[PDB]
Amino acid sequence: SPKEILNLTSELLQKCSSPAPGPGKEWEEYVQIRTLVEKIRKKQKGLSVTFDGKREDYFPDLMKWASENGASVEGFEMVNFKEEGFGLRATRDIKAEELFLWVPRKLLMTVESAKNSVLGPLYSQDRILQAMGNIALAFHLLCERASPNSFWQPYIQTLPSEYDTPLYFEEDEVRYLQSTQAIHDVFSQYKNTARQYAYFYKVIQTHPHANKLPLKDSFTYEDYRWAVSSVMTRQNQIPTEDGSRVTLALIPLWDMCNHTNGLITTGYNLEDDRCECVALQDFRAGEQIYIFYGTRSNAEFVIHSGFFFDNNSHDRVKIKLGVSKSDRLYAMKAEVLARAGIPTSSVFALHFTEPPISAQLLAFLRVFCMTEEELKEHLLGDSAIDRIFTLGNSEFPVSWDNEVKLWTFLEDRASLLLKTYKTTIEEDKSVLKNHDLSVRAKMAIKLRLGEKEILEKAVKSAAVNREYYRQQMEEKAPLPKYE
């Protein structure tokens, strides 16, 4: 058996270290990796360390441990909500902007605490650990989990045992994402995690600095999937105690708040050396306490956080664009972009708003559609820098013609992207209405529906903008000038 696992992890390492097989082979590669991971997983015992009690049996220990080390533990309780899982619920009225939660640095698990732990010796030898604090945090979490006397046991025993990151999806649940933008990130995440598991399985076997690790005696795929899912769904960037550098950290107690829309209200207080959270809104006694995780897209919430957020006001899709080297004005356009601080080719975002495009994407599209005479006015003379300064401002176009061309282009391109999906928006809504689906399956379908609804909105917005600027052109309206 142990030699069999070594052989299997050896094959898995070579499979997941091979170069990308080509985008049209990525689904086939994905299933091939899945088959190998599941073969290993079925030969292992799940999580190496499990706990006797229910998850909620350990929340009092979490509170008592947080209390002894200076954290806030009054005014909220732990409740298992159907929609979000476990969260915090107010036990008293909490006013907006009230400082209601604080967590001193001693309670955090950080890259720095990883370096000073039993993982320290291996951390100083392995180049992946030194370069990637998120993987370092994951192994820190696993080593302390398997250490019964770890300082952080009261926190670890309250963590989830399973997540809804795509690593946990069934094959047919990921299959819903075929032909989307998001599925490539699902593929990468799965291949990344399998490669890392196999790589570190063998590193732990061969390095003497790993001899004192609990992972030397038991390190399963389920261990690693759990550890990386814990870190990707919960990790945070905080300053170092020095204040001059940033590090990654798990923040007990506060990380039990679930997400709602709003603004970030959690910050780090270096003077008191603690995490501090003020209330995002009034919370009456008996209401769930929410925070705003950040301006992430639903693709990021699904892949990295394991949930889909309905009415995510910050949703977006990618659109890759670049000036073609066969364009005869390539040199001029590249130089205008360079003076504006924009690459010649890049990945931009389309947002679910109006306009759908950022200042940087507007500026790129203006240059992308410029005539030679317009390019020359952005390259020469005493007004050239003034012209570049306004390139990302919707109120000061280059010319009416430039606007009509760029919104025509964006309308055409967004329409073309819609045609590359296997299903239509109307088909996706029918699936969600007429089938009975798992949470994970719904996350997948809503994600692919979301991508198309953003593109459809961009098509409508670009068509509306095209009509607007075509009217200004036909009416010979004076172009606005920044003065």
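For the two forms, the rigid core is made up of the largest set of C-alpha atoms that agree within 1.5 Å on superposition. When you see a residue number, it is the position in the sequence shown, counting from 1.
Check your understanding: Rigid core superposed, root mean square over structures and residues, which stretch has C-alphas farther from this form in 5 other deposited structures of this protein, 250-258 or 367-375?
Key -> When 250-258 and 367-375 are compared in 5 other deposited structures of this protein, 367-375 lies farther out.
Point to revise | Core-fitted comparison in 5 other deposited structures of this protein, 268-276 vs 325-333, farther C-alphas | key: Looking at 325-333 and 268-276 in 5 other deposited structures of this protein, the bigger mover is 325-333.
Exercise for review: Establish whether the other compared PDB entries of this protein leave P19 unmodelled at least a third of the time.
Suggested key: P19: modelled in all of the comparison entries.
**Study point:** 254-262 versus 67-75 - greater average Cα B-factor per the deposited record
**Key:** Comparing averages over the C-alpha atoms only gives 67-75.
Practice item. Give the stretch, out of 199-207 and 76-84, with the larger mean C-alpha temperature factor in the deposited entry. Key: 199-207 has the higher mean C-alpha B-factor.
**Study point:** Residue, from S161, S297, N393, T165, that the PDB entry assigns the highest Cα B-factor
**Key:** When the deposited C-alpha B-factors of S161, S297, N393, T165 are compared, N393 is largest.
Review point. With respect to the C-alpha temperature factors reported in the PDB entry, which of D223, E112, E377, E171 ranks highest?
Key: Among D223, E112, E377, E171, the highest C-alpha B-factor in the entry belongs to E112.
Practice item. Going by the recorded CA B-factors, say which third of the chain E38 sits in, lowest, middle or highest. Key: Highest third - that is where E38 ends up once the chain's C-alpha B-factors are sorted.
Check your understanding: Looking at the C-alpha B-factor of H314, is it in the lowest, middle or highest third of its chain?
Key -> Ranked within chain, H314 CA B lands in the lowest tercile.
Exercise for review: Looking at the entry's B-factor column for C-alpha atoms only, identify whether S438 ranks in the lowest, middle or highest third of its chain.
Suggested key: CA B-factor rank for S438: lowest third.
Practice item. Sort the modelled residues of this chain by their C-alpha B factor and say whether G286 lands in the lowest, middle or highest third. Key: Ranked within chain, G286 CA B lands in the lowest tercile.
Check your understanding: Of the three thirds of its chain by CA temperature factor, lowest, middle or highest, which one includes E426?
Key -> For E426, the deposited C-alpha B-factor lands in the highest third.
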